[PDB]
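**Q** take a look and give me a structure for this.
(chains A, B, C, D, E and F, ligands or ions: 2)
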Amino acid sequence: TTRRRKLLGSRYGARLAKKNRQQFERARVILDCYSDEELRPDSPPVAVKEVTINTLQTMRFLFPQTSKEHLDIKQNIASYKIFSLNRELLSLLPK
Amino acid sequence: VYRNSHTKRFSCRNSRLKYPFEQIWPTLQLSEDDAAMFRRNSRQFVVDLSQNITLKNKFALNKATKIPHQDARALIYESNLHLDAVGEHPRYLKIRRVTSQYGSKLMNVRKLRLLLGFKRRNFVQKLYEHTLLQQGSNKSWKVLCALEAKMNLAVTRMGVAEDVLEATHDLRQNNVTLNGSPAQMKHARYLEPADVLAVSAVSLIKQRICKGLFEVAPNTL
Amino acid sequence: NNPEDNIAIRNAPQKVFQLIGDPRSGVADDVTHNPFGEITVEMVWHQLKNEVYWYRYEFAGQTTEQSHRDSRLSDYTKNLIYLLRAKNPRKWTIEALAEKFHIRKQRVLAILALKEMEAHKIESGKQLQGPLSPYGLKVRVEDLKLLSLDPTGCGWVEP
Amino acid sequence: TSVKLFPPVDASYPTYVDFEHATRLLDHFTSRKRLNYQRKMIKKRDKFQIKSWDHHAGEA
Amino acid sequence: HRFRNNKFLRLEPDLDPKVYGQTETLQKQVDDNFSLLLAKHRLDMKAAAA
Amino acid sequence: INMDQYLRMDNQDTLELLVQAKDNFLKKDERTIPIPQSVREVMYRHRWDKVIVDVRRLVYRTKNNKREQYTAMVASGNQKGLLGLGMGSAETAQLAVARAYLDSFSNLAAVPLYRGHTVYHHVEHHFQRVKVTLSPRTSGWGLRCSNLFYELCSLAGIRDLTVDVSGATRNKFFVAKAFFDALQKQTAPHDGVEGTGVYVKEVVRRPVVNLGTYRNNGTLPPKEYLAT
Ligand SMILES: [K+]
Ligand SMILES: [Mg+2]
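**A** Numbers count the residues shown, from 1 in each chain, chains lettered A, B, ... in the order given. Ligands and ions are numbered 1, 2, ... in the order given. Now the structure:
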């Protein structure tokens, strides 16, 4: 007497290609899929422009010192983050 | 077999120790009396020194940090009249006989069954036969590799189960997938250097870890 | 590249050439001992509340040191590998990244796969939501510069 | 999610295991019948072969 | 400084994660900072207008 | 129990214990411990192990009753390249073992080994009414021998070998003695190498098995012999 639905699986790449084709193409270039002759796809490689990372540990876990080296790293990340937000805002501010 | 030997408290038996049993489950909660019984295998009293020493201290006295894996047996179970048994007359020193091998050999096979999750002996025998055919020069290391390649033990290494027994139940419930889908022959196969394991019961496993470490989590965020 | 601050240089292959005899009349290789090591075991921990002992087996324990560092790299280092690969795949090959961070090629490729999966979750909106939203960073590959510790002491310069 | 990388080079267990004593006992119960079947199948890994479907007695 | 222990001049204690939750506590901290900025604009407008 | 004191004792430096233990052992008289002082000093450079070989009981009858006498043999050796056999006689089994164990340290001898794990070549020895054979094996292959020889190999440090013993093996003292003598009949590549005028170089050559083993396993020998 289980209410849990049956689980039929599929490879991660298989699901991604149907949900977001752009991400799938980017992953192939990063994961070095164009170096081996046997596994080389026919489609030409796509250039990588933007990536996303998580900086929670680098900001609040990893750099506790008061030296200029640790302060500079945190400030640069904060400054870059604000620039990204401002670019998004400018795209919407105009009437 | 609703025996006491199939419970964690009495799972492992060793006849060469002062207390015959041995504790191998890192998450078992013992009572005060039980802890006292097990502690007798850790502390020993030296007559000439008039002090208590521990097993770790004994290794330091022998200058043992990294030793050949076959030499650790002589340190755990034997005694020396110049380091740890100084002051005892030679007449009362214990020396083993060639007739004690069978008890030791049977005990070690029982350990392999316990680590794998209370497996049957025929299961271990076939595992040994499998390694005889695989490539490699050191027989001892091939056995070790086979144990690691087992799926249920690998799930335990990930850190999502308290012990191997809990990991086995998770496989029967299909809480972990192999290469994107539930595994086939999950109890009999070996994992390869490029296999990918993922949790499908994400909500269940997250609750398990949070509850375990709730008391050791700081009260300041 | 000094042994004091380079564990990798300490853990390097050894060229063994040992002889017994007289080089002017007759010599023979010294085969009276094994200088290549063997499998070792060590006791690592002892829990005093449950009386549990932990033993660690190492294939090459006698010819390596501090092998535990490889699998415990900081999150900052992993993100750096991910960004370098995206910035210039032509120069930052798997071989180059492995040599730079003193790890194996298999580890380099495995790290990239996990970081790529996490990035998709962040973009899709499954992680870093609510109060932790500000910590999801989108980085353009062009706007990235790697500093070096060229000046002796504290201080990182752009070139 | 986890990924395996290569054959292990280190391992830790919450007890001491004597592998030589374990294998010495297990070397007493080995079956030549089971080993021979495993040897034959190692040479017939490829299904798409003519020589994998000859006439023989038993399973292999 | 008279407020030696209350270095940050807080009016209410921080929420306990073990009782209210980690996510709730983090959101409360963000709301507190915005309130301080809003209160600053509040006083200036009232003073300028009246 | 005080857990804090238990933890303190567990994680402590043992230098003070080592000094006290060494001084006590080296200051004991030669009656209780008849080991020479020179041997005692070396006992702190290695790790030692011991095992009982056999215990025999002899009976002598008289007018009224019988006199029982015990004899024992004990083997001891440091893990790598040291082994010795001792014999002791006493009126009780416990005393006979103790005397034999002490006598073993006075009979320590060196055991030649190739790379410290096997023998240089095939050895066949004939101790009186006993025959022992030793066959070298590749590193990591393991030990194939009886239980008694398995214990003896552990003491000396032998890791890969095949041993076969036949003949009148009722007396285990002879069996152990025959094994000890066989190990001392090996020859090394560096014996009198100065008189050869050549360079004796170690080479890598895989050993072969007989034709029957290949046929049964369905495998092939090295291509250097199959060339046709
Ligand atoms: K069983
Ligand atoms: Mg025979």
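**Q** correct me, but residue D:44 touches residue D:53?
**A** No - when contacts are counted by CB atoms under 8 Å, residue D:44 is not listed as touching residue D:53 (9.1 Å). The way it works is simple: take the backbone N, C-alpha and C, and place the C-beta from them, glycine included.
**Q** does stretch C:64-76 reach chain B?
**A** No - taking CB under 8 Å from any CB of the partner chain as the criterion, stretch C:64-76 and chain B are apart, separated by no less than 10.1 Å.
**Q** against residue C:50, how distant is the closest residue to chain E within chain F?
**A** Here chain F gets closest to chain E at one residue, residue F:3, 26.2 Å apart by CB to the nearest CB. With distances taken as CB to CB, to the nearest Å, residue F:3 is found 12 Å from residue C:50.
**Q** these two - which one has more neighbours?
**A** Shown here are residue F:3 and residue C:50; by other CB atoms under 10 Å in any protein chain shown, residue C:50 has more neighbours (18 against 9).
**Q** which ones are touching the more buried one?
**A** B:23, B:25, B:26, B:28, B:29, B:30, B:35 (CB atoms under 8 Å, 6 or more residues apart in numbering or on different chains).
**Q** wait, doesn't the last one sit right on residue C:47?
**A** Translated: residue B:35. No - the pair residue B:35 / residue C:47 is not scored as a contact, 10.9 Å apart, by CB under 8 Å.
**Q** give me the more crowded residue out of these two.
**A** residue B:35 (16 against 12).
**Q** chain neighbours aside, what residue packs nearest to the more buried one?
**A** Computed as CB to CB, 6 or more residues apart in numbering or on different chains, the closest residue to residue B:35 that is not its neighbour in sequence is residue C:51, at 6.7 Å.
**Q** residues near the one you found, how many?
**A** By the measure other CB under 10 Å, the count of residues near residue C:51 is 20.
**Q** what sits against it?
**A** Residues in contact with residue C:51, defined by CB under 8 Å, 6+ apart, are B:23, B:30, B:35, B:38, B:39, B:41, B:42.
**Q** got a winner among the residues you listed for most neighbours?
**A** Within those, neighbour counts (other CB under 10 Å) peak at residue B:23, which reaches 24 neighbours.
**Q** once you drop chain neighbours, what's closest to it?
**A** Leaving aside its sequence neighbours, residue B:23 sits nearest to residue C:51 (CB to CB, 6+ apart; 5.0 Å).
**Q** and for residue B:84?
**A** Nearest to residue B:84 is residue B:58, by CB to CB, 6+ apart, at 5.6 Å.
**Q** so where do the helices sit in chain B?
**A** B:32-39, B:55-61, B:72-77, B:101-116, B:121-133, B:139-149, B:151-158, B:164-172, B:202-212 (DSSP state H).
**Q** please read the previous query as pertaining to chain C.
**A** Under DSSP H, chain C gives helices at C:7-10, C:75-87, C:94-101, C:105-124.
**Q** redo the ones you listed as TSV? Include distance to residue A:41 and mean neighbour count.
**A** TSV is the format used below for the helices of chain C (distance: least, CB to CB, whole Å; neighbours: other CB atoms under 10 Å in any protein chain shown):
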stretch	distance to residue A:41	mean neighbour count
helix C:7-10	36	12
helix C:75-87	18	19
helix C:94-101	18	15
helix C:105-124	17	18
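**Q** between these, which one is closest to chain E.
**A** Among these, the nearest to chain E by CB to the nearest CB is helix C:105-124 (17.3 Å).
**Q** which other residues reach that closest one?
**A** Counting by CB under 8 Å, 6+ apart, A:12, A:16, A:20, A:23, A:27, A:30-32, A:51-54, B:193, C:70-71, C:78-79, C:81-82, C:85, C:94-95, C:97-98, C:101, C:127-128, C:136, D:1, D:3, D:5-6 sit against helix C:105-124.
**Q** one more: stretch B:104-113?
**A** Applying CB under 8 Å, 6+ apart, the set of residues contacting stretch B:104-113 is B:12-16, B:24, B:119-121, B:123-124, B:147, D:15, D:17-19, D:21-22, D:24-26.
**Q** stretch E:29-46 close to chain C?
**A** Yes - using CB under 8 Å from any CB, stretch E:29-46 reaches chain C at E:29, E:30.
**Q** now that stretch, how far from the centre of its chain.
**A** Relative to the centre of its chain, stretch E:29-46 is centred 9 Å away, using CA atoms, centre = their mean, to the nearest Å.
**Q** ok, stretch F:103-121 next?
**A** The answer for stretch F:103-121 is 7 Å, by CA atoms, centre = their mean.
**Q** between the contacts of residue C:50, which is nearest residue F:104?
**A** Using CB to CB, residue B:23 comes nearest to residue F:104 of these, at 35.8 Å.
**Q** contacting residues for that closest one?
**A** By CB under 8 Å, 6+ apart, residue B:23 lies in contact with B:12, B:30, B:38, C:50, C:51, C:52.
**Q** next step: those restricted to strands.
**A** Within the contacts of residue B:23, residues falling in strands by DSSP state E are B:12, C:52.
**Q** hang on, the earlier thing: of the helices of chain C, which is nearest residue F:80?
**A** So among the helices of chain C, helix C:7-10 is nearest, using CB to CB, at 25.2 Å.
**Q** what about the residue in chain C positioned nearest to chain E, how many residues close to it?
**A** Nearest residue of chain C to chain E, counting by CB to the nearest CB: residue C:131, 3.6 Å away. As a burial measure, residue C:131 scores 17 neighbours (other CB under 10 Å).
**Q** that one contacts residue E:33, correct?
**A** No - Residue C:131 is beyond contact range of residue E:33, at 11.3 Å (criterion: CB under 8 Å).
**Q** please name the nearest non-neighbouring residue to residue F:44.
**A** Nearest non-adjacent residue to residue F:44 (CB to CB, 6+ apart): residue F:22, at 6.6 Å.
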